[PDB]
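Next up: just one chain, as C-alpha cells, the form deposited in one PDB entry.
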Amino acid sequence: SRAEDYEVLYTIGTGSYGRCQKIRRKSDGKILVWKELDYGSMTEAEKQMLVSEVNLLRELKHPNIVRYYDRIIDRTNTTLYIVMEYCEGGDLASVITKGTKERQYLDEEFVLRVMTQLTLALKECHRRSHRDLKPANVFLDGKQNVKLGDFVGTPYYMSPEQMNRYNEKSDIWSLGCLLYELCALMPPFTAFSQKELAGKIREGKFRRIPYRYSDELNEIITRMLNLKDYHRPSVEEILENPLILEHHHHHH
C-alpha cells in the first residue's frame, strides 16, 4: 500500500501510459512490476475516470490476464503506481522480432497455445461487459502461459467494421491478425500509406501463412480474417476446433 513496501529492481521500459519497472515486495520477496503514471496534470474528472477504470481492472481474475495486485499514490512525486504481475517471458512483439532476425518460424504448438489462451481471455472480457490487441500487449510467464496485457503507427489490426462504421467479432479479427503475424512473422496487410492499408483491408486478400503450418490452423486464422464479422468464429466456436487440446491451455 506504500512505495516503501517495495524496492525497484530496474526499469523494464517506458512508453504509452508511463514508466514500467520491475520491483520486489519486501515482505515476502515476490517479483512484480508497477506502472508509474503522473496524475498531477489530469483533471479531477480524469482521475475519477481512471479510478473507476482500475477498479474494474481489479475486478478481473483470470489465469490468462495480467493480474492486478495493488495501487499506490505518491503526492510528493504526483505519481500513481499500479502494481501488477510480472511476466518473465516478455511480450510477443519481441518474440516476433527474434524470429524475424533469426529467420526462425515459430512452432505451430506455440501458435495454438496463444490462440487458445487469448481466446479464453477474450471470453472472460466479453463476460464482464476499439482495443489495443497487438503483440506488444501480450505476455508470457515462465511456464508457457499467455497473459493478455492492458499516434504515428499504422493500425495494422483494424477491422473493416471499425474502418467503415465495433463488437466481439472485431476482437476476433484482431486475434486473427495477431496469430497471422505469429505464423508469417509479418501482418496480413502491409502498406506504407493508411489509405493503401484501408484498401487492402477492405479487399480482404492476404497470403496463406507459411506452408509449414497446418491447413487446419490456416483455416481457423482465415476464418478469423473474414470480411463479414458474422462469418468469423465466436470464442465458443474457436474453442471447439479439434486443433485445441488440453496441453494448449494454461498450467500453474
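Residue numbers run from 1 along the displayed sequence. Rigid core (definition): largest C-alpha set, two forms, superposition within 1.5 Å.
Among other compared entries that model residues flanking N241, every one gives it coordinates, keeping it clear of the one-third cutoff. Coverage remark for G13: present in the model in all other entries compared whose chains are built on both sides, leaving no third without it.
Gap check for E124 to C125: zero deposited residues are absent from the model. Count the deposited residues lacking coordinates between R165 and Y166 and you get 1 to 3 of them. Looking at mean Cα B-factors across 93-101 and 176-184, the upper value is held by 93-101. For the pair 43-51 and 193-201, the mean Cα B-factor is higher in 43-51. Reading the B-factor column for the CA atoms of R25, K22, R232, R19 in the entry, the top value corresponds to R19.
Looking at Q144, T79, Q117, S170, the one whose CA carries the top B-factor in the deposited record is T79. Ranked by Cα temperature factor within the chain, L227 sits in the middle third according to the deposited record. When the modelled residues of the chain are ordered by their C-alpha B factor, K134 lands in the middle third. For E85, the recorded CA temperature factor ranks within the lowest third of the chain's modelled residues.
In the deposited entry, the Cα temperature factor of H247 places it in the lowest third of its chain's modelled residues. Per the PDB record, residue ranking by Cα B-factor puts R67 in the middle third of the chain.
Although it is not shown, the form deposited in another entry is what the next lines describe.
With the rigid core aligned between this form and the one not shown, the listed residues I31, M186, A191, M42 include just one Cα displaced by at least 2 Å, namely that of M42.
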